[PDB]
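Let me begin by presenting the structure, written as structure tokens, before commenting on it.
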Amino acid sequence: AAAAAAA
Amino acid sequence: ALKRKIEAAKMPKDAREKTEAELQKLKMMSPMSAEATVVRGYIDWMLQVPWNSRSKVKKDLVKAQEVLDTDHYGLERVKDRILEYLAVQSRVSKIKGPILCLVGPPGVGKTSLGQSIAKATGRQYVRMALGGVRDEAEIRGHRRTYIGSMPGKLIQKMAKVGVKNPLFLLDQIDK
Amino acid sequence: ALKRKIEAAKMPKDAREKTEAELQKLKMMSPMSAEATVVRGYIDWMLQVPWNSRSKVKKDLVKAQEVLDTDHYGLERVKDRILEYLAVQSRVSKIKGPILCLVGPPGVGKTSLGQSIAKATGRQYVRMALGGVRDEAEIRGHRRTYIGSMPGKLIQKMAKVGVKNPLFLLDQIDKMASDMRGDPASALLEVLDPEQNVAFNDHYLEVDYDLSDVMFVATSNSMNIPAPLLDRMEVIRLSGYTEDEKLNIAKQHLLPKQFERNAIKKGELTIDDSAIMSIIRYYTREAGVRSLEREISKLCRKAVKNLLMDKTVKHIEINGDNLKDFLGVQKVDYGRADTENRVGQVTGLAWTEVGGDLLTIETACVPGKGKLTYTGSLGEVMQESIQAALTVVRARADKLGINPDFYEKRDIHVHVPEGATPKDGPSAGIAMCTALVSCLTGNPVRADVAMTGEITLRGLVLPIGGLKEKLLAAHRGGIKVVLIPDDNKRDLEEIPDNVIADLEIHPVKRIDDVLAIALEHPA
Amino acid sequence: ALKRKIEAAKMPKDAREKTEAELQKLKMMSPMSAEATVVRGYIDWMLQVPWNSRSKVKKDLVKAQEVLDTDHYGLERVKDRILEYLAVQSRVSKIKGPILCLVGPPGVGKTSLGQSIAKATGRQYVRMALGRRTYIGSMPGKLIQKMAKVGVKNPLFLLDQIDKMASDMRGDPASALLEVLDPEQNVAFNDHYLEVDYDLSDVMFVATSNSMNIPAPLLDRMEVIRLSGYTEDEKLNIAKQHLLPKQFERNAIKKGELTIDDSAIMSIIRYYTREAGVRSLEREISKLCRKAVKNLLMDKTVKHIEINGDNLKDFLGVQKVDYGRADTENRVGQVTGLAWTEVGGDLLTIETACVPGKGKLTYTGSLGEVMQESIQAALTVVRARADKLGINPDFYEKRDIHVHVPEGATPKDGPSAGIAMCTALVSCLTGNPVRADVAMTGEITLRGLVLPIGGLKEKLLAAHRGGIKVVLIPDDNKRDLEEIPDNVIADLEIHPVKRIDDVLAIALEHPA
Ligand SMILES: Nc1ncnc2c1ncn2[C@@H]1O[C@H](COP(=O)(O)OP(=O)(O)OP(=O)(O)O)[C@@H](O)[C@H]1O
Ligand SMILES: Nc1ncnc2c1ncn2[C@@H]1O[C@H](COP(=O)(O)OP(=O)(O)O)[C@@H](O)[C@H]1O
Ligand SMILES: Nc1ncnc2c1ncn2[C@@H]1O[C@H](COP(=O)(O)OP(=O)(O)O)[C@@H](O)[C@H]1O
Ligand SMILES: [Mg+2]
Ligand SMILES: [Mg+2]
């Protein structure tokens with residue numbers, strides 16, 4: 001599980 | 001994986017090469033992902049956009065004027081215009097689609113007239129109500145970087161019909 | 001192992017194909033992860049959808065009449081229109097026409113008529129409240145590219161009903177914001193457009209859900225409906241309430257549902273009907289009966305608290321005098337008739353959205369240089385109607401006995417006493433003229449006569465709008481004679497006969513008909 | 001293992017085929033895995049949910065009256081409505097109709113009414129300020145979490161600042177809380193983390209707000225209770241009984257050294273602050289107490305600090321604001337009207353000057369258009385009554401008239417103070433001095449009538465603070481005199497009038 005920043 | 005639906009769609013060269021570069025990019029990605037979901041969404045839109053599907057249009061003029069006379073009464077200038085289009089269309093293969101602007105009072109018969117032109121010329125029908133359209137994102141859409149990103153509302157109705165020659169009824173331009 | 005629920009749901013083509021595909025993907029994959037939450041979320045949203053569950057409708061109209069007459073009162077034209085609609089559905093079996101739109105001031109029973117249509121036909125009720133709808137993806141849904149993705153409220157309320165054919169109540173189609181991200185009027189258009197109801201596209205489900213079975217009705221306070229929606233609606237236009245209609249709504253419908261809500265049995269509380277009339281006249285200014293629910297519920301609750309902390313009185317009776325002990329001081333008061341014939345003062349009829357009111361008009365002609373001052377928050381259309389009326393007086397100056405130099409010799413002031421309340425419209429013109437004549441001859445206006453009408457330069461009285469609230473206002477205020485124009489005489493066939501039996505309505509055509517009746521001495 | 005814990009609370013049967021279902025699933029997995037941490041967490045977030053153990057709600061209303069009055073002074077109508085809600089709550093064991101809402105400006109104690117109601121009803125207090133199981137670990141929902149933390153089946157719930165909840169941005173819609181508020185959808189509230197339907201009936205709901213800017217699905221279920229601004233005697237009673245001891249205990253001031261007198265508190269309320277609540281008064285009192293502590297450490301000679309109305313310029317700075325007073329020292333050609341606003345009341349002196357000229361009419365003092373219309377109406381009343389008042393009737397063309405109100409750059413608007421301006425016009429035209437002990441309010445019409453006004457109580461408290469002895473109100477505001485404190489009634493000579501003749505008979509010192 002890895003976080004990922006979306007716009 | 002999904003190339004059967006890509007060669008099943010008969011796409012033109014730029015769209016085919018781009019969607020097979022996206023699908024080839026998708027296989028080297030790990031699944032259950034966010035960007036793989038983005039790529040599957042983009043391929044899912046380009047597999048349902050019409051690229052080749054074309055409806056056969058009507059060449060007969062007497063049957064056409066019979067249709068536009070059976071579902072309307074005395075809109076002679078518009079019915080003349082549609083007979084002009086169907087008279088030119090029997091001499092060539094393809095024409096630029098005519099861009100019309102029906103201007104009149106309310107209740108004068110402009111929307112059902114679009115239904116009549118759709119049923120008479122052989123084209124398929126969908127309408128986009130321009131009343132309340134306030135931004136360009138309802139026409140061009142957003143980039144797929146964004147979360148809620150869809151290809152406008154022109155391409156959604158092109159995909160909703162599924163043909164290359166529909167009749168858009170751009171309704172209420174002045175609104 | 002959910003393989004038997006897909007066949008158990010009996011879904012159509014694209015629904016079955018995407019669910020079978022989704023199930024296999026989930027099966028290959030690992031549980032407890034967030035992606036399995038998204039996938040398993042998609043299946044248990046694709047199983048709550050009513051793909052084939054239909055409720056049987058009823059096709060009788062005598063029982064539908066005797067259901068609609070209960071739960072409401074006096075909406076006989078509206079209920080008549082609804083029985084026409086259900087009379088059509090017994091033969092067509094699916095309406096391809098417009099959508100029933102319930103328009104009226106706030107407080108009338110629009111949502112409750114949604115519930116009573118839904119009980120009258122035989123379908124299940126559902127209400128989609130609007131007002132907070134800014135996104136188009138709040139009605140159509142979002143896609144499943146985001147971690148927390150859940151469908152729009154249309155197919156979710158369709159999921160909490162669980163029936164293919166519900167009765168949606170699109171509540172407050174007027175009230176929605178302006179800062180709108182998408183165009184929800186297009187989505188609300190395609191739920192109401194029968195060519196686009198066979199193929200409805202939810203963004204979460206991404207399938208072809210059929211909405212060509214749902215009965216839609218909507219509510220409305222006004223007609224600030226967006227442009228693509230307005231030609232798909234059939235307006236029924238619920239009007240306001242009288243005093244005796246609110247007394248019978250409170251008498252037969254609001255008191256038994258507040259005695260039961262506070263568990264007041266029959267030997268405890270007796271509210272006299274003059275107290276209800278005192279709450280109508282003195283405490284509330286609504287057009288509906290919502291504020292009657294507020295002061296009746298508060299009144300019953302105070303009766304409960306008195307019956308606990310007293311324990312000596314066992315039967316509280318509330319007449320028209322005891323409300324000041326219970327509901328406090330009187331909040332508002334209605335304008336009423338004057339007692340004696342004053343010179344300048346003319347009672348007019350004003351129409352607001354909370355009902356009809358009287359409209360006092362004072363003028364004053366003092367000897368000066370000929371300058372006219374208009375006060376009372378008057379609109380520009382009103383001021384144009386006043387100087388039109390003064391032009392009528394200047395043209396008829398010699399036969400009314402008026403010294404014709406009053407444009408140069410006498411200053412004229414026109415005041416309407418509620419100075420903070422803004423007011424506009426031509427409908428007081430023949431009132432103003434009368435007042436001006438009454439100040440330029442010293443002839444007093446008889447105080448039991450109200451009047452309404454748009455004046456023109458040659459003296460004729462143009463029609464006005466909304467006689468119902470104006471005749472209810474003159475009925476309430478103690479006016480005995482109302483001077484309406486002639487072409488509003490048609491509206492006299494839509495007025496309750498308590499008003500016609502109470503009032504003496506004289507239609508007028510010109511201004512001499514007004515000046516003959518409304519003044520005391522003959523002009 | 002854990003079976004005596006899941007049967008130790010006697011959870012309902014559906015949640016125990018769920019809980020025993022993940023227990024028999026837990027028998028067939030590894031203990032040390034993080035998926036087992038999700039399983040043990042899901043067991044732990046169901047054995048803390050209050051399926052039982054209610055709090056016995058209290059039924060008598062006298063001890064509820066005093067236990068409401070033990071923490072709040074003067075919210076009498078609100079406390080009445082709460083005792084009425086506890087009366088129907090005493091008879092009907094489950095009220096699921098509308099929901100109590102406390103609308104009022106910030107500063108009044110609408111949030112601490114959750115505490116006074118909380119130990120007044122007997123139930124437990126959970127405050128909510130508004131403004132799914134997976135591998136990474138998840139907490140339950142906020143609505144359920146408060147319930148679990150409290151661990152009681154019947155806990156009072158507060159929805160604070162719904163005016164500040166619904167912003168202009170994408171946030172919480174009205175769905176997830178009106179499904180909490182509605183009666184028929186609370187027998188099965190399936191929380192998304194637990195997927196088990198948990199009841200929300202017999203749970204009292206109180207929502208507080210600063211306006212009626214509430215979402216439309218929520219305003220249908222919220223009884224708007226209004227909380228008006230506190231008067232100065234009420235603010236003195238709130239500062240002296242409830243607010244000085246909390247600053248003394250949060251500053252640790254023992255009782256022997258600091259004395260804040262009543263004239264000090266009234267000097268803060270009148271001279272140093274302008275609000276509807278008692279928050280700025282607590283910033284002033286807290287500043288006063290910490291200056292007392294600083295003045296005890298920096299000087300060990302004196303020990304008792306006496307603070308009164310004189311030495312609040314040594315502390316707290318200098319007087320920031322001021323209020324209007326009666327100009328009783330002389331009786332001149334001006335009047336004293338009354339002005340109403342959100343902070344309270346104000347005296348509003350009105351001046352006229354009528355010099356020889358051409359009849360120019362000048363209105364001055366940032367007047368709204370409705371006020372200027374009231375000056376023109378009042379001047380028309382004077383012109384219509386020019387002979388019997390003793391005025392030479394050619395003053396419309398022979399004397400210029402100026403109407404000024406002294407606080408410039410203060411926007412003033414409203415239909416009131418019409419008879420005040422008519423009195424000032426009759427005064428400056430006749431040369432008859434208005435008696436200075438008379439304040440006035442009302443609305444004039446051309447026939448000479450006096451129409452009602454609004455905010456009579458704050459006008460009467462402004463007139464009582466200002467040193468006015470005689471108040472002229474309209475006749476139809478006698479009703480509002482049923483809610484004035486009797487010291488203010490006993491000090492003010494209130495004359496309800498209905499015409500301009502009753503006004504000019506009283507307000508002018510010479511007969512007209
Ligand atoms: N010439 C005509 N012959 C037959 N039917 C007509 C004619 N003109 C109008 N109608 C009928 O009037 C109905 C409503 O007209 P329509 O909705 O097309 O008006 P519109 O011009 O689209 O109004 P708006 O400009 O306000 O959108 C249609 O159902 C159509 O059948
Ligand atoms: N004609 C009527 N007869 C009986 N009760 C009514 C009538 N009109 C309104 N009511 C009551 O008043 C309330 C009005 O609610 P609603 O119709 O939702 O208001 P709105 O239409 O303004 O949203 C209902 O609860 C209903 O019981
Ligand atoms: N009648 C009163 N008696 C005692 N204290 C009060 C009274 N009214 C207000 N207060 C004090 O004023 C403060 C107001 O704060 P609070 O009500 O919590 O914020 P808000 O006004 O934003 O809801 C409270 O801490 C309370 O101590
Ligand atoms: Mg159209
Ligand atoms: Mg409604």
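Letters A, B, ... mark the chains of the structure tokens in the order given; residue numbers begin at 1 per chain; ligand numbers begin at 1, in order shown.
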With a distance cut-off of 6 Å and only C-alpha atoms, select the neighbouring residues of stretch 419-426 of chain C, excluding the residue or stretch itself and same-chain residues fewer than 6 positions from it, and output the selection as a PyMOL selection string. (chain C and resi 376-379+381-382+385+454) or (chain D and resi 415)
With N, CA, C and O atoms kept, could you save the residues just selected as an mmCIF file, in the first residue's frame?
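Now in again.cif:
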```
data_model
loop_
_atom_site.group_PDB
_atom_site.id
_atom_site.type_symbol
_atom_site.label_atom_id
_atom_site.label_comp_id
_atom_site.auth_asym_id
_atom_site.auth_seq_id
_atom_site.Cartn_x
_atom_site.Cartn_y
_atom_site.Cartn_z
ATOM 1 N N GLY C 376 -42.833 56.472 0.538
ATOM 2 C CA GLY C 376 -43.341 55.169 0.884
ATOM 3 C C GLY C 376 -42.714 53.998 0.166
ATOM 4 O O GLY C 376 -43.399 52.986 -0.020
ATOM 5 N N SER C 377 -41.436 54.104 -0.225
ATOM 6 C CA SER C 377 -40.680 53.058 -0.931
ATOM 7 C C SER C 377 -41.372 52.640 -2.224
ATOM 8 O O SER C 377 -41.507 51.453 -2.524
ATOM 9 N N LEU C 378 -41.815 53.628 -2.994
ATOM 10 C CA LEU C 378 -42.607 53.359 -4.182
ATOM 11 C C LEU C 378 -41.705 53.017 -5.359
ATOM 12 O O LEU C 378 -40.680 53.663 -5.586
ATOM 13 N N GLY C 379 -42.091 51.989 -6.110
ATOM 14 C CA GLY C 379 -41.406 51.651 -7.337
ATOM 15 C C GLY C 379 -41.666 52.675 -8.422
ATOM 16 O O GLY C 379 -42.549 53.525 -8.321
ATOM 17 N N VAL C 381 -42.707 52.130 -11.507
ATOM 18 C CA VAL C 381 -43.974 51.855 -12.179
ATOM 19 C C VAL C 381 -45.144 52.427 -11.377
ATOM 20 O O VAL C 381 -46.119 52.937 -11.951
ATOM 21 N N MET C 382 -45.044 52.403 -10.039
ATOM 22 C CA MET C 382 -46.063 53.047 -9.215
ATOM 23 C C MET C 382 -46.067 54.553 -9.393
ATOM 24 O O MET C 382 -47.137 55.156 -9.487
ATOM 25 N N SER C 385 -47.658 55.439 -12.466
ATOM 26 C CA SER C 385 -49.108 55.313 -12.355
ATOM 27 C C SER C 385 -49.721 56.476 -11.587
ATOM 28 O O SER C 385 -50.854 56.877 -11.880
ATOM 29 N N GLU C 454 -55.674 49.324 -12.839
ATOM 30 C CA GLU C 454 -54.685 50.088 -13.578
ATOM 31 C C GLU C 454 -55.367 51.161 -14.423
ATOM 32 O O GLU C 454 -56.247 50.882 -15.236
ATOM 33 N N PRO D 415 -37.901 53.524 9.171
ATOM 34 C CA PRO D 415 -39.127 54.329 9.224
ATOM 35 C C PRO D 415 -39.388 54.991 10.564
ATOM 36 O O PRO D 415 -40.226 55.896 10.631
#
```
Run DSSP on the backbone and tell me which residues of stretch 315-358 of chain D come out as strand (DSSP E); list them as JSON, numbers by chain. {"D": [334, 335, 336, 337, 338, 339, 340, 345, 346, 347, 348, 349, 350, 351, 352, 353, 354, 355, 356]}
Would you give me, as a tab-separated table, each residue of chain C having an atom within 12 Å of an atom of ligand 4, along with its shortest atom pair and that distance in Å to one decimal, using only C-alpha atoms and all ligand atoms and sorting by chain and residue number?
```
residue	atom	partner	partner_atom_place_in_ligand_line	distance
C:227	CA	ligand 4	1 (Mg)	9.3
C:228	CA	ligand 4	1 (Mg)	7.9
C:229	CA	ligand 4	1 (Mg)	10.4
C:230	CA	ligand 4	1 (Mg)	10.0
C:231	CA	ligand 4	1 (Mg)	7.7
C:232	CA	ligand 4	1 (Mg)	10.3
```
Quick one: everything within 12 Å of residue B:128, counting only C-alpha atoms, minus sequence neighbours fewer than 6 positions away in the same chain. Send it as an mmCIF file with N, CA, C and O atoms, in the first residue's frame.
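Full text of selection_16.cif as output:
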```
data_model
loop_
_atom_site.group_PDB
_atom_site.id
_atom_site.type_symbol
_atom_site.label_atom_id
_atom_site.label_comp_id
_atom_site.auth_asym_id
_atom_site.auth_seq_id
_atom_site.Cartn_x
_atom_site.Cartn_y
_atom_site.Cartn_z
ATOM 1 N N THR B 111 -37.681 22.119 -32.407
ATOM 2 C CA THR B 111 -37.070 20.911 -31.856
ATOM 3 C C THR B 111 -37.618 19.651 -32.523
ATOM 4 O O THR B 111 -36.851 18.776 -32.967
ATOM 5 N N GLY B 114 -36.171 19.246 -35.772
ATOM 6 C CA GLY B 114 -34.933 18.487 -35.742
ATOM 7 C C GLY B 114 -35.160 16.991 -35.698
ATOM 8 O O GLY B 114 -34.407 16.227 -36.315
ATOM 9 N N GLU B 138 -17.861 21.456 -20.415
ATOM 10 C CA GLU B 138 -18.984 20.697 -20.933
ATOM 11 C C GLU B 138 -18.875 20.483 -22.436
ATOM 12 O O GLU B 138 -19.703 19.774 -23.016
ATOM 13 N N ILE B 139 -17.860 21.067 -23.066
ATOM 14 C CA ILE B 139 -17.621 20.913 -24.491
ATOM 15 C C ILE B 139 -16.286 20.228 -24.763
ATOM 16 O O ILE B 139 -16.218 19.292 -25.558
ATOM 17 N N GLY B 152 -15.939 15.794 -22.247
ATOM 18 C CA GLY B 152 -16.933 16.810 -22.556
ATOM 19 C C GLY B 152 -18.344 16.255 -22.517
ATOM 20 O O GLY B 152 -18.639 15.297 -21.804
ATOM 21 N N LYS B 153 -19.228 16.864 -23.306
ATOM 22 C CA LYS B 153 -20.530 16.278 -23.607
ATOM 23 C C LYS B 153 -20.835 16.158 -25.091
ATOM 24 O O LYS B 153 -21.898 15.630 -25.436
ATOM 25 N N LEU B 154 -19.959 16.628 -25.979
ATOM 26 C CA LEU B 154 -20.101 16.309 -27.394
ATOM 27 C C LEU B 154 -19.738 14.856 -27.658
ATOM 28 O O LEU B 154 -20.483 14.125 -28.320
ATOM 29 N N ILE B 155 -18.589 14.423 -27.133
ATOM 30 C CA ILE B 155 -18.079 13.082 -27.389
ATOM 31 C C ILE B 155 -18.915 12.042 -26.653
ATOM 32 O O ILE B 155 -19.004 10.885 -27.082
ATOM 33 N N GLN B 156 -19.568 12.436 -25.557
ATOM 34 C CA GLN B 156 -20.438 11.507 -24.849
ATOM 35 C C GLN B 156 -21.714 11.231 -25.623
ATOM 36 O O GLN B 156 -22.287 10.146 -25.497
ATOM 37 N N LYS B 157 -22.188 12.199 -26.399
ATOM 38 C CA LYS B 157 -23.370 11.987 -27.220
ATOM 39 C C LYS B 157 -23.027 11.368 -28.565
ATOM 40 O O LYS B 157 -23.854 10.637 -29.130
ATOM 41 N N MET B 158 -21.821 11.635 -29.077
ATOM 42 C CA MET B 158 -21.305 10.867 -30.205
ATOM 43 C C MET B 158 -21.163 9.395 -29.840
ATOM 44 O O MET B 158 -21.506 8.514 -30.634
ATOM 45 N N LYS B 160 -22.864 8.061 -27.370
ATOM 46 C CA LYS B 160 -24.193 7.616 -26.971
ATOM 47 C C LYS B 160 -24.997 7.180 -28.183
ATOM 48 O O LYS B 160 -25.802 6.245 -28.101
ATOM 49 N N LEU B 167 -27.279 13.937 -36.120
ATOM 50 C CA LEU B 167 -27.849 15.273 -36.147
ATOM 51 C C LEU B 167 -27.822 15.808 -34.722
ATOM 52 O O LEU B 167 -28.678 15.458 -33.907
ATOM 53 N N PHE B 168 -26.832 16.638 -34.415
ATOM 54 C CA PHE B 168 -26.873 17.358 -33.155
ATOM 55 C C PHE B 168 -27.901 18.465 -33.243
ATOM 56 O O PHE B 168 -27.883 19.282 -34.167
ATOM 57 N N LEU B 169 -28.799 18.488 -32.276
ATOM 58 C CA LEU B 169 -29.699 19.610 -32.088
ATOM 59 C C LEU B 169 -29.095 20.427 -30.952
ATOM 60 O O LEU B 169 -29.343 20.163 -29.776
ATOM 61 N N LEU B 170 -28.274 21.405 -31.315
ATOM 62 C CA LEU B 170 -27.758 22.342 -30.334
ATOM 63 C C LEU B 170 -28.901 23.260 -29.935
ATOM 64 O O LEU B 170 -29.163 24.272 -30.594
ATOM 65 N N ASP B 171 -29.603 22.896 -28.874
ATOM 66 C CA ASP B 171 -30.838 23.563 -28.507
ATOM 67 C C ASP B 171 -30.554 24.719 -27.559
ATOM 68 O O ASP B 171 -29.767 24.578 -26.619
ATOM 69 N N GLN B 172 -31.197 25.859 -27.835
ATOM 70 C CA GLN B 172 -31.137 27.087 -27.037
ATOM 71 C C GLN B 172 -29.702 27.616 -26.932
ATOM 72 O O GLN B 172 -29.080 27.627 -25.871
ATOM 73 N N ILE B 173 -29.190 28.037 -28.093
ATOM 74 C CA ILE B 173 -27.857 28.634 -28.169
ATOM 75 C C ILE B 173 -27.814 29.957 -27.417
ATOM 76 O O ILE B 173 -26.839 30.263 -26.719
ATOM 77 N N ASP C 183 -23.728 20.601 -15.374
ATOM 78 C CA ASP C 183 -25.074 21.054 -15.719
ATOM 79 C C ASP C 183 -26.055 19.983 -15.263
ATOM 80 O O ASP C 183 -26.393 19.066 -16.026
ATOM 81 N N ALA C 185 -29.155 20.414 -14.874
ATOM 82 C CA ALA C 185 -30.405 20.564 -15.607
ATOM 83 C C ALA C 185 -30.444 19.670 -16.841
ATOM 84 O O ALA C 185 -31.529 19.342 -17.333
ATOM 85 N N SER C 186 -29.279 19.264 -17.350
ATOM 86 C CA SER C 186 -29.224 18.303 -18.445
ATOM 87 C C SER C 186 -29.486 16.883 -17.964
ATOM 88 O O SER C 186 -30.149 16.107 -18.662
ATOM 89 N N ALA C 187 -28.961 16.525 -16.791
ATOM 90 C CA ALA C 187 -29.231 15.212 -16.215
ATOM 91 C C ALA C 187 -30.685 15.098 -15.783
ATOM 92 O O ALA C 187 -31.367 14.110 -16.089
ATOM 93 N N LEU C 189 -32.919 16.806 -17.089
ATOM 94 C CA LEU C 189 -33.639 16.725 -18.350
ATOM 95 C C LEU C 189 -33.727 15.289 -18.844
ATOM 96 O O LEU C 189 -34.802 14.833 -19.253
ATOM 97 N N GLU C 190 -32.617 14.547 -18.801
ATOM 98 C CA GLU C 190 -32.641 13.220 -19.403
ATOM 99 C C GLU C 190 -33.271 12.173 -18.498
ATOM 100 O O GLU C 190 -33.480 11.041 -18.946
ATOM 101 N N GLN C 196 -34.749 9.562 -23.847
ATOM 102 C CA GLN C 196 -33.497 9.371 -23.133
ATOM 103 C C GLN C 196 -33.684 8.670 -21.788
ATOM 104 O O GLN C 196 -32.730 8.579 -21.007
ATOM 105 N N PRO C 228 -33.770 24.087 -19.929
ATOM 106 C CA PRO C 228 -34.175 22.810 -20.548
ATOM 107 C C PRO C 228 -35.236 22.044 -19.775
ATOM 108 O O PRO C 228 -35.873 21.158 -20.357
#
```
Around ligand 1, out to 8 Å and counting only C-alpha atoms and all ligand atoms, which residues are there? I want them as a VMD selection string. (chain B and resid 71 to 75 103 to 113 171 to 172) or (chain C and resid 231)
Go ahead and write the selection's residues with N, CA, C and O atoms as an mmCIF file, in the first residue's frame.
```
data_model
loop_
_atom_site.group_PDB
_atom_site.id
_atom_site.type_symbol
_atom_site.label_atom_id
_atom_site.label_comp_id
_atom_site.auth_asym_id
_atom_site.auth_seq_id
_atom_site.Cartn_x
_atom_site.Cartn_y
_atom_site.Cartn_z
ATOM 1 N N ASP B 71 -45.027 15.172 -40.667
ATOM 2 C CA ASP B 71 -44.918 15.494 -39.249
ATOM 3 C C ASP B 71 -44.806 16.987 -38.942
ATOM 4 O O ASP B 71 -44.675 17.340 -37.767
ATOM 5 N N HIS B 72 -44.899 17.865 -39.941
ATOM 6 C CA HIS B 72 -44.995 19.303 -39.708
ATOM 7 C C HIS B 72 -45.873 19.934 -40.780
ATOM 8 O O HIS B 72 -46.182 19.321 -41.802
ATOM 9 N N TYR B 73 -46.274 21.180 -40.541
ATOM 10 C CA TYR B 73 -47.153 21.905 -41.451
ATOM 11 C C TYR B 73 -46.533 23.250 -41.795
ATOM 12 O O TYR B 73 -46.471 24.144 -40.947
ATOM 13 N N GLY B 74 -46.083 23.392 -43.036
ATOM 14 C CA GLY B 74 -45.783 24.700 -43.587
ATOM 15 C C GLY B 74 -44.528 25.388 -43.099
ATOM 16 O O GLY B 74 -44.482 26.623 -43.062
ATOM 17 N N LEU B 75 -43.505 24.628 -42.726
ATOM 18 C CA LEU B 75 -42.191 25.205 -42.462
ATOM 19 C C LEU B 75 -41.356 25.120 -43.737
ATOM 20 O O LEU B 75 -40.358 24.408 -43.826
ATOM 21 N N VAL B 103 -34.141 30.370 -35.890
ATOM 22 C CA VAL B 103 -34.451 31.489 -35.007
ATOM 23 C C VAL B 103 -35.928 31.824 -35.140
ATOM 24 O O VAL B 103 -36.409 32.114 -36.240
ATOM 25 N N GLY B 104 -36.645 31.790 -34.020
ATOM 26 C CA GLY B 104 -38.052 32.100 -34.022
ATOM 27 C C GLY B 104 -38.648 32.213 -32.635
ATOM 28 O O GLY B 104 -37.958 32.069 -31.625
ATOM 29 N N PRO B 105 -39.952 32.470 -32.566
ATOM 30 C CA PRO B 105 -40.631 32.579 -31.272
ATOM 31 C C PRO B 105 -40.773 31.218 -30.615
ATOM 32 O O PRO B 105 -40.533 30.188 -31.261
ATOM 33 N N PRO B 106 -41.118 31.163 -29.327
ATOM 34 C CA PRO B 106 -41.396 29.864 -28.694
ATOM 35 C C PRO B 106 -42.626 29.195 -29.285
ATOM 36 O O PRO B 106 -43.568 29.856 -29.722
ATOM 37 N N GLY B 107 -42.602 27.863 -29.310
ATOM 38 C CA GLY B 107 -43.698 27.072 -29.830
ATOM 39 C C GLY B 107 -43.820 27.062 -31.332
ATOM 40 O O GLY B 107 -44.852 26.620 -31.845
ATOM 41 N N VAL B 108 -42.807 27.532 -32.058
ATOM 42 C CA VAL B 108 -42.923 27.636 -33.509
ATOM 43 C C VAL B 108 -42.514 26.347 -34.205
ATOM 44 O O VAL B 108 -42.719 26.211 -35.416
ATOM 45 N N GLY B 109 -41.983 25.373 -33.469
ATOM 46 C CA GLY B 109 -41.640 24.104 -34.074
ATOM 47 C C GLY B 109 -40.206 23.955 -34.528
ATOM 48 O O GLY B 109 -39.961 23.721 -35.712
ATOM 49 N N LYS B 110 -39.247 24.114 -33.618
ATOM 50 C CA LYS B 110 -37.838 24.006 -33.973
ATOM 51 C C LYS B 110 -37.179 22.723 -33.484
ATOM 52 O O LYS B 110 -36.205 22.275 -34.094
ATOM 53 N N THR B 111 -37.681 22.119 -32.407
ATOM 54 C CA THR B 111 -37.070 20.911 -31.856
ATOM 55 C C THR B 111 -37.618 19.651 -32.523
ATOM 56 O O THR B 111 -36.851 18.776 -32.967
ATOM 57 N N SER B 112 -38.948 19.559 -32.624
ATOM 58 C CA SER B 112 -39.580 18.474 -33.366
ATOM 59 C C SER B 112 -39.202 18.514 -34.838
ATOM 60 O O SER B 112 -39.223 17.479 -35.515
ATOM 61 N N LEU B 113 -38.882 19.704 -35.350
ATOM 62 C CA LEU B 113 -38.351 19.831 -36.698
ATOM 63 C C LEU B 113 -36.995 19.153 -36.818
ATOM 64 O O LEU B 113 -36.696 18.531 -37.843
ATOM 65 N N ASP B 171 -29.603 22.896 -28.874
ATOM 66 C CA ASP B 171 -30.838 23.563 -28.507
ATOM 67 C C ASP B 171 -30.554 24.719 -27.559
ATOM 68 O O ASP B 171 -29.767 24.578 -26.619
ATOM 69 N N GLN B 172 -31.197 25.859 -27.835
ATOM 70 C CA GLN B 172 -31.137 27.087 -27.037
ATOM 71 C C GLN B 172 -29.702 27.616 -26.932
ATOM 72 O O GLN B 172 -29.080 27.627 -25.871
ATOM 73 N N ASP C 231 -39.921 23.039 -20.267
ATOM 74 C CA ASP C 231 -40.841 22.524 -21.272
ATOM 75 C C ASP C 231 -41.180 21.056 -21.070
ATOM 76 O O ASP C 231 -41.879 20.475 -21.905
#
```
